[PDB]
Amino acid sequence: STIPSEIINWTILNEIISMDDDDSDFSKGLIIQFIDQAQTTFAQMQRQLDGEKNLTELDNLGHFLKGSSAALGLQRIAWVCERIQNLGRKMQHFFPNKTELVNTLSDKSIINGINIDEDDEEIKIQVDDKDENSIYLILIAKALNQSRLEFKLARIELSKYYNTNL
């Protein structure tokens, strides 16, 4: 609920876009690089959740994507990556439901015509009275599902701007 309400911070992205005047494919190249890095990072995160379940690896991957997404003005993705980090460090103990987070959008009309659950992965972590990490891993799984939605929403908005499917 301190999640930014807009998908794109235009005062950041417009500064990147300024540089397309002397390099026509510049901003679009950075976006295409980001979309590739985010898909690789989400797959790496999912594998941690499904395997070694290393909270420190999940913290590091979250850090990497927070930096990339913030720099391009994709502030809602950056915020969720920040949550994944602080859950991996055990500094936070809660993560909101999709409904709450989707309701914070400044233009709610963007989720009309899409299934906001389409990219969800099943949460496959069994609860444990003994493993002290199960609750954190559950919350990161939820946060990773949110990340995937926010990534989709960003791609829809960026696609409209560039007039092509990104």
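So that there is no doubt, residue numbering starts at 1 and follows the sequence shown.
Comparing 135-143 with 102-110, the higher mean C-alpha B-factor in the PDB entry belongs to 102-110. Taking the PDB entry as given, 24-32 carries the higher mean Cα B factor of the two stretches 24-32 and 64-72.
When the modelled residues of the chain are ordered by C-alpha B-factor, residue 95 sits in the middle third.
When the modelled residues of the chain are ordered by C-alpha B-factor, residue 116 sits in the middle third. When the modelled residues of the chain are ordered by C-alpha B-factor, residue 56 sits in the highest third.
For residue 126, the recorded CA B-factor ranks within the highest third of the chain. Only modelled residues enter the ranking.
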